[PDB]
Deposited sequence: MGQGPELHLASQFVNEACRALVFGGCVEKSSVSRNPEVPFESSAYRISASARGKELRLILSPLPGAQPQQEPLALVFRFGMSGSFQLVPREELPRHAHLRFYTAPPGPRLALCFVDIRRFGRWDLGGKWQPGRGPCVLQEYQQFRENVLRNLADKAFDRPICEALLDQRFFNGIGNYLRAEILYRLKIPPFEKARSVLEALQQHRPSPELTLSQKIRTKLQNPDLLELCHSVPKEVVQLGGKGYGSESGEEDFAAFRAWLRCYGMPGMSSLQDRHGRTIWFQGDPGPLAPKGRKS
């Protein structure tokens, strides 16, 4: 996922788990190379928050829960095929790699981290990844200042389309978003990042890094039924669209654009 998908997953976990109580341990698939989650409680509530491309679950035991346990935090990155689903306990999806089980009374459900390709990860810490910059969705002002204050950094030597994926500065921006952001301003994708950003300090490029992803969030849906995908496909103006050019950036990722490739094109 990118920022909007991670944000919508966090809203999903919060709304779906709102009136649920989990009990038991946290079960991992045998094939997952991520860590076993050392957690058990007779009664715990799960809630979520998103920051850029990361999602933090908090497991919160109720008063009196046994074994005595402090709340535990987990941070997930989704990679290419991560998601959360709420399913019936005995109809787990095929790649449900981490599950939380509701306690009785009611229908035994499973909250599942589902990741087909297993590019996603989780850590026990609870900390956000050091080096990821502020969330373009929820920390706009911190995100904007973190870029403008560091334009000397070598990251800004690269083409703008490459700098937009560097999660140190654009935490939450991925491939469709970089295309859609640059198309709104008709910025050539191989314009130099420092050139485009130096021309700041008018919705501008950094503002669009917040407002474009926010548009996706306001669509709703995107896994969180299938008509939700036509909603998103209709919103797109550039990424994958007939009549648009594509190039490979230097890390082999496809950038979609209109017109001028830009000076630093391969």
Ranges lacking C-alpha coordinates, please, mapped onto the deposited sequence and listed in sequence order.
1, 203 to 221, 245 to 248, 291 to 295
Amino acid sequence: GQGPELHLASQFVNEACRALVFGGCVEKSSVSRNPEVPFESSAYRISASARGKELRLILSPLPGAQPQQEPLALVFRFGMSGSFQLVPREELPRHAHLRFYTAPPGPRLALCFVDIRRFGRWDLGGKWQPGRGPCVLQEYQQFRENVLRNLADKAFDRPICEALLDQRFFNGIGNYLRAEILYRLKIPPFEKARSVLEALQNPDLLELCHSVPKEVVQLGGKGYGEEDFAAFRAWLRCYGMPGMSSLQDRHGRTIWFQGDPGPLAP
From here on, numbers count along this sequence of modelled residues.
Comparing 251 to 259 with 5 to 13, where is the mean C-alpha B-factor higher?
251 to 259
Please compare 88 to 96 with 159 to 167 and name the stretch with the higher mean C-alpha B-factor in the deposited structure.
88 to 96
Out of 48, 238, 37, 216, whose C-alpha atom has the biggest B factor in the entry?
37
When you compare the CA B-factors of 134, 131, 105, 174 as listed in the entry, which one comes out on top?
105
Within this chain's modelled residues, let me know which third the CA B factor of residue 26 belongs to: lowest, middle or highest.
highest
By the entry's values, the third containing the CA B factor of residue 199 is the highest
If you rank the chain by CA B-factor, which third does residue 180 end up in: lowest, middle or highest?
lowest
B-factor third for the C-alpha atom of residue 75 within its chain:
lowest
Using only modelled residues of the chain, where does the Cα B factor of residue 144 rank: lowest third, middle third or highest third?
lowest
